[PDB]
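Asks: Protein chains in written order, with the authors' numbering: chain B, 1 to 98; chain D, 1 to 240; chain A, 6 to 198, 204 to 279; chain C, 2 to 181, 185 to 204.
Here a beta-carbon is modelled for each residue, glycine too, at the ideal position from N, C-alpha and C.
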Ligand SMILES: CCCCCCCCCCCCCCCCCCCCCCCCCC(=O)N[C@@H](CO[C@H]1O[C@H](CO)[C@H](OCc2ccc(C)cc2)[C@H](O)[C@H]1O)[C@H](O)[C@H](O)CCCCCCCCCCCCCC
Ligand SMILES: *[C@@H]1O[C@H](CO[C@@H]2O[C@@H](C)[C@@H](O)[C@@H](O)[C@@H]2O)[C@@H](O[C@@H]2O[C@H](CO)[C@@H](O[C@@H]3O[C@H](CO)[C@@H](O)[C@H](O)[C@@H]3O)[C@H](O)[C@H]2NC(C)=O)[C@H](O)[C@H]1NC(C)=O
Ligand SMILES: *[C@@H]1O[C@H](CO)[C@@H](O[C@@H]2O[C@H](CO)[C@@H](O)[C@H](O)[C@H]2NC(C)=O)[C@H](O)[C@H]1NC(C)=O
Ligand SMILES: *[C@@H]1O[C@H](CO)[C@@H](O)[C@H](O)[C@H]1NC(C)=O
Ligand code: NA
Ligand code: NA
């Protein structure tokens with residue numbers, strides 16, 4: 001049986017337009033551990049996203065943290081796209097400053 | 001206590017022919033293993049099995065097929081035999097532990113052609129009176145001649161029971177015509193007993209050569225008797 | 006005061022040939038080791054990751070693990086052949102091994118194994134055993150694994166002696182990192198649907219207190235989210251409060267954390 | 002090959018001790034087993050060594066194992082004729098059936114037996130059926146004596162062979178020659197003792 005990954009997108013520091021920051025994508029609750037995670041700016045793939053080593057919790061479900069440097073603005077959108085065998089289509093979760 | 005048996009124990013086969021080597025084990029071991037032993041090499045794993053219906057490729061599985069129809073039986077099948085499969089084959093079995101229990105081995109020879117296969121003539125040579133006078137011992141000599149190929153087992157029998165004591169057999173047959181392509185072989189053996197043992201006229205001495213040749217199923221187009229796997233023996237009674 | 010030491014192994018077998026094994030090591034919520042499939046050696050992720058082991062003790066320990074990784078890989082492959090055709094690729098195996106450290110030189114070691122994401126097997130006492138709910142077919146692997154006395158003796162020493170000793174040293178060596186205090190920074194936001207959000211980020215350690223408040227009245231509608239990690243080994247948390255639009259003024263977010271030392275963060279909307 | 006044996010072969014005399022060695026690179030190395038294999042026979046387990054620094058004994062056989070050095074020796078004390086065999090070193094990489102065995106190619110040992118009272122002679126033996134055919138038996142010569150092939154290619158001579166009459170505690174060498185030829189001329193191409201008995 002396969003479990004559907006939860007995606008949570010959040011900033012490291014308080015978000016301010018024109019000010020460098022870090023954007024985190026936390027993917028959890030997936031099985032098996034094969035997964036593909038992309039962080040997107042305006043739908044385009046951000047290069048050299050850092051990945052934490054994959055790990056798992058007491059319940060044996062996997063998790064991983066993707067993060068990248070980003071500078072928020074009024075216009076730019078940021079998203080995290082995950083494809084996993086448990087889903088027919090890739091799942092996209094958008095960063096909402098609010 | 002855990003014994004493993006192999007059949008046949010010795011086999012002569014032709015290139016392109018089919019050969020089945022059988023292994024039987026009554027220890028209720030899940031695991032069975034086929035190996036071949038060749039000079040300049042240790043035993044090399046061909047195929048193994050973790051149970052009935054299971055066969056697994058070993059290190060050198062090419063040209064071999066394995067068969068595990070039951071817990072007791074593990075077969076090694078040579079579909080199209082080649083001379084390169086001339087070897088000594090060992091089967092083993094084991095449980096979950098690390099010990100493998102080896103069978104006694106099977107000698108396989110794959111010839112290019114069976115045309116030269118010939119069973120031995122066996123003669124028994126009786127002890128010399130001079131030897132008896134000089135040593136108080138009596139040596140019988142057994143001579144197997146004119147056989148091809150060199151796959152024979154020579155054994156000594158006194159009163160229907162095999163004797164090992166006071167026996168020695170040539171390590172290898174010698175060639176009768178070393179110049180010729182498919183030379184016939186000769187093999188000799190000695191049995192030495194005390195004079196009094198040989199002098200007893202109730203002692204029956206027999207030299208037996210088990211010859212490995214063709215099976216009943218092998219085709220034979222030549223004029224002479226079909227040179228099948230057979231026993232040829234020679235015998236004499238003790239005398240005063 | 007109580008720290009759990011966790012060696013976490015993830016092994017994927019796609020077919021008869023392809024496999025990969027990756028490991029991470031945790032002391033509490035701090036990563037101490039990493040061992041990629043691509044790497045021959047175990048990587049330290051902290052300066053103190055070797056604990057109080059000498060170079061010779063570490064080399065010997067690493068070598069044992071190097072032999073293990075190669076051996077484990079072959080063993081799984083062979084056990085698959087053995088159970089054929091009951092179980093088949095792909096196969097995911099997870100190991101969770103380590104020890105929980107109690108005060109006064111007390112500890113409990115554990116070694117748990119999950120197959121296809123389900124806890125099935127543990128090492129207990131002197132042998133491998135299945136746990137309640139495990140499929141019966143595992144009885145044969147367990148019988149084979151328990152035949153190996155050498156592994157049994159090694160694991161026993163690993164769990165009984167090595168873990169507790171190693172971890173004791175880790176706690177000494179990594180004291181300053183384990184006891185570090187990092188200040189949370191908070192900020193407020195709102196999503197109409204309205205729902206007020208209080209963001210708390212950058213705090214260590216994990217224990218924290220966040221409540222939406224009208225003056226001195228704890229708003230019981232506060233929903234604490236999960237603890238989410240930052241990349242810099244600090245934590246992120248948010249507390250949401252569902253409100254009626256127009257009744258915003260008067261609401262504050264109070265955050266208590268050990269790093270602030272009495273000076274609670276209060277943010278008024 | 003991850004298992005190498007030394008010497009490849011050796012010849013010793015009865016009563017002498019010998020050392021056989023095994024060097025391996027097998028990882029891991031759960032256990033090491035020594036086998037004896039008589040010519041054309043199966044594998045007889047002599048001993049199994051399991052410990053880091055192990056020592057075992059089995060009658061006249063004793064063995065050591067040093068896992069750090071990945072080295073094992075088999076000692077045979079006071080060799081007998083029946084020690085003539087191939088000695089095979091085998092390393093198992095697991096303490097269970099999940100293991101593979103790693104076989105050395107073996108060491109060939111030959112033990113030359115002690116001939117107490119040599120009485121070299123050449124006797125004629127006659128066929129039990131047709132007495133017109135015969136063989137010549139050279140027997141009771143010392144292990145120092147070498148038996149050469151005939152110069153005549155119509156004459157056949159076997160290599161020397163030693164039998165053991167166990168119940169009498171007696172051993173004797175022999176060789177056989179036949180053709181189609186006198187027993188006096190049979191071993192002319194061999195350096196035979198001068199005191200060799202040729203019965204009238
Ligand atoms: C545990 C934490 C300790 C803290 C240490 C410090 C931490 C530092 C960070 C480490 C980072 C690495 C993280 C890795 C995380 C995973 C750790 C948990 C795994 C621990 C298991 C280690 C097993 C070690 C043994 C081993 O390698 N066995 C392996 C090799 O053994 C062979 O070699 C040895 C050499 O030592 C032994 O010889 C020597 C010997 C002989 C005789 C005696 C008396 C003694 C020795 C052995 O007898 C010999 O057989 C053996 O193959 C094992 O079977 C490996 C598999 C074990 C895991 C089993 C899990 C169960 C899975 C169920 C499968 C179900 C699926 C079915 C399809
Ligand atoms: C290591 O420690 C274990 C027990 O510790 C427990 O298991 C570890 C793997 C860790 O997970 C620990 O956190 C955990 O507390 C020792 O196992 C014990 O061994 C003895 C004998 O050596 C067992 O006694 C036996 O009892 C049975 C009855 O069922 C009898 O048949 C036997 O004759 C024998 O007396 C004892 O039950 C066992 N403990 C348990 C709970 O299984 C282990 O010996 C030790 N190893 C070393 C080398 O230190
Ligand atoms: C994970 O690591 C193992 C061991 O390093 C890899 O297995 C080896 O693969 C190489 C090919 O690069 C082969 O030459 C070897 O035969 C293998 N070694 C052993 C010890 O089996 C494995 O390929 C790695 N997995 C992935 C997906 O990269
Ligand atoms: C086994 O699995 C891998 C990865 O899933 C896949 O690419 C391939 O089909 C298999 N490997 C080979 C080459 O047999
Ligand atoms: Na299977
Ligand atoms: Na083994």
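1) To test your reading of the DSSP string, which unbroken beta strand (DSSP E) runs of 3 or more residues are found completely within the stretch 178-204 of chain D?
2) Taking DSSP as the reference, what is the three-state secondary structure of residue 103/A?
3) For a test of your reading of the model: does the CB of residue 103/A fall under 7 angstroms from any non-hydrogen atom of ligand 1? Yes or no.
4) Go through the residues and name those whose CB comes closer than 5 angstroms to any heavy atom of ligand 6, in chain order.
5) If you follow the beta strand (DSSP E) that residue 93/C is part of, which residue opens it and which one closes it?
6) Between which residues of its own chain and residue 24/D is the CB-CB distance below 7 angstroms, once the five residues before and five after are set aside?
7) Relative to ligand 2, is the shortest distance from any of its heavy atoms to the C-beta of residue 131/A smaller than 7 angstroms?
8) Which two residues bound the contiguous beta strand (DSSP E) that contains residue 22/C?
9) Residue 237/A: buried (16+ other C-beta within 10 angstroms of its C-beta) or exposed?
10) Hey, would you say the C-beta of residue 104/C is under 7 angstroms away from at least one heavy atom of ligand 2?
11) Compute the beta-carbon to beta-carbon distance between residue 62/C and residue 47/C, rounded to the nearest angstrom, for a pair I have assumed lies under 8 angstroms.
12) What do you get for residue 58/C, buried or exposed, if any count of 16 or more other CB atoms within 10 angstroms of its CB means buried?
13) If distances are taken between C-alpha atoms only, which option among 271/A, 263/A, 49/A, 6/A comes closest to residue 105/A?
14) CB residue 174/C to CB residue 156/C, shorter than 8 angstroms?
15) Against residue 8/B, what residues of chain A qualify as contacts under a CB-to-CB distance less than 7 angstroms, listed in chain order?
16) Using a threshold of 7 angstroms, is the CB atom of residue 92/A nearer than that to any non-hydrogen atom of ligand 5?
17) Suppose you measure from the CA of residue 145/C to the CA of residue 190/D; what does that come to, to the nearest Å?
18) Return yes when at least one heavy atom of ligand 2 lies under 7 angstroms from the C-beta of residue 162/A, else no.
19) What residue ranges within the stretch 19-79 of chain B form continuous beta strand (DSSP E) runs of no fewer than 3 residues, ordered along the chain?
20) Buried or exposed, going by whether 16 or more other CB atoms sit within 10 Å of the CB of residue 42/D?
21) For residue 239/A, which three-state DSSP category applies?
22) Give a yes or no on whether the minimum CB-CB distance between residue 234/D and chain C is below 8 angstroms.
23) In this structure, what does DSSP give as the bridge partners for residue 151/D?
24) What number of angstroms, rounded off, separates the C-alpha of residue 114/D from the C-alpha of residue 12/D?
25) Below 7 angstroms, is the gap between the Cβ of residue 20/A and the nearest heavy atom of ligand 4?
26) Are three or more beta carbon pairs between the stretch 134-147 of chain A and the stretch 78-96 of chain A nearer than 8 angstroms?
27) Any contact between the stretch 120-136 of chain A and the stretch 63-73 of chain A? By contact I mean 3 or more CB pairs, one from each, below 8 angstroms.
28) Could you tell me the boundaries of the beta strand (DSSP E) in which residue 87/B lies?
29) To the nearest angstrom, how far is it from the Cα of residue 12/C to the Cα of residue 80/C?
30) Would you kindly work out how many angstroms separate the C-alpha atoms of residue 15/A and residue 118/A, rounded to a whole number?
31) What separation, rounded to the nearest whole angstrom, lies between the Cα atoms of residue 122/A and residue 62/B?
32) Excluding the 5 residues preceding and the 5 following residue 183/D in the sequence, name in chain order all residues of the same chain whose CB lies nearer than 7 angstroms to its CB.
33) Looking at residue 243/A and residue 35/A, is the spacing between their C-beta atoms short of 8 angstroms?
34) Pick helix, strand or coil for residue 144/D, following the three-state DSSP scheme.
35) For chain A, is any of its Cβ atoms less than 8 angstroms away from the one on residue 57/C?
36) Within 8 angstroms, do at least three Cβ pairs link the stretch 152-170 of chain A to the stretch 218-232 of chain D?
Replies: This is what the structure gives:
1) 185-194
2) Mapped onto the third chain, residue 103/A falls at position 98. DSSP places residue 103/A in strand when its eight states are reduced to three.
3) By 1-based counting over the third chain, the position of residue 103/A is 98. Result yes, Cβ under 7 angstroms from ligand 1.
4) 98/D, 93/C, 95/C, 100/C
5) Residue numbering aside, residue 93/C sits at position 92 when the fourth chain is read from its first letter. Residues 86-93.
6) Looking up residue 24/D in the second chain gives position 24. Hits under 7 angstroms: 5, 72, 73.
7) As a first step, residue 131/A is located in the third chain; it is residue number 126 there, counting from the start. Yes, the beta carbon of residue 131/A sits closer than 7 angstroms to at least one heavy atom of ligand 2.
8) For the purposes of this step, residue 22/C is taken as residue 21 along the fourth chain, with counting starting at 1. Residues 19-25.
9) In the third chain, residue 237/A corresponds to position 227, counting from 1. It counts as exposed.
10) Locating residue 104/C in the fourth chain gives position 103, where the first residue counts as 1. Outside the cutoff, so no.
11) Position 61 of the fourth chain holds residue 62/C. Position 46 of the fourth chain holds residue 47/C. At roughly 5 angstroms, the Cβ-Cβ gap stays under 8 angstroms, so residue 62/C and residue 47/C are in contact.
12) Stepping through the fourth chain from its first residue, residue 58/C is reached at position 57. Exposed: under 16 other Cβ atoms inside 10 Å.
13) Here residue 105/A corresponds to residue number 100 of the third chain, with the count starting at 1. Comparing Cα-Cα distances from residue 105/A to each of 271/A, 263/A, 49/A, 6/A, the minimum goes to 6/A.
14) Working through the fourth chain from its first residue, we reach residue 174/C at position 173. Working through the fourth chain from its first residue, we reach residue 156/C at position 155. No, Cβ-Cβ distance for residue 174/C and residue 156/C is not below 8 angstroms.
15) As a first step, residue 8/B must be located in the first chain, where it is residue number 8. Near residue 8/B (Cβ distances below 7 angstroms), the residues of chain A are 238.
16) Sequence index remark: in the third chain, residue 92/A carries index 87 (1-based). The answer is yes for residue 92/A.
17) Numbered from 1 along the fourth chain, position 144 holds the residue referred to as residue 145/C. Numbered from 1 along the second chain, position 190 holds the residue referred to as residue 190/D. Their Cα atoms are separated by approximately 21 angstroms.
18) Counting from 1 along the third chain, the entry for residue 162/A is found at position 157. Under cutoff, so the answer is yes.
19) 21-30, 36-41, 62-70
20) Walking along the second chain from the start, residue 42/D turns up at place 42. Residue 42/D comes out buried.
21) By one-based count along the third chain, residue 239/A stands at place 229. Strand.
22) As a first step, residue 234/D must be located in the second chain, where it is residue number 234. Closer than 8 angstroms: yes.
23) In the second chain, the residue the question calls residue 151/D occupies position 151. Answer is none; residue 151/D lacks a bridge partner.
24) For the purposes of this step, residue 114/D is taken as residue 114 along the second chain, with counting starting at 1. For the purposes of this step, residue 12/D is taken as residue 12 along the second chain, with counting starting at 1. Looking at the two C-alpha atoms, the distance is approximately 9 angstroms.
25) What you label residue 20/A is simply residue 15 of the third chain in a count that begins at 1. Yes, ligand 4 has a heavy atom inside 7 angstroms of this Cβ.
26) yes
27) no
28) Start at 1 with the first residue of the first chain, and residue 87/B comes out as number 87. Residue 87/B -> no beta strand (DSSP E), and no H or E assigned at all.
29) On the fourth chain, position 11 is the one that residue 12/C refers to. On the fourth chain, position 79 is the one that residue 80/C refers to. Their Cα atoms are separated by approximately 11 angstroms.
30) Along the third chain, one-based indexing puts residue 15/A at 10. Along the third chain, one-based indexing puts residue 118/A at 113. Each residue's alpha carbon lies about 10 angstroms from the other.
31) Translated into the one-based positions of the third chain, residue 122/A becomes position 117. Translated into the one-based positions of the first chain, residue 62/B becomes position 62. So the alpha carbons of these two residues sit roughly 10 angstroms apart.
32) Mapped onto the second chain, residue 183/D falls at position 183. Here the set comprises 175, 176, 177.
33) Working through the third chain from its first residue, we reach residue 35/A at position 30. Working through the third chain from its first residue, we reach residue 243/A at position 233. A contact, by the Cβ cut-off of 8 angstroms.
34) If you number the second chain from 1, residue 144/D lands on position 144. It is a strand residue.
35) The residue given as residue 57/C occupies position 56 in the fourth chain. It does not: the Cβ of residue 57/C has no partner Cβ on chain A nearer than 8 angstroms.
36) no
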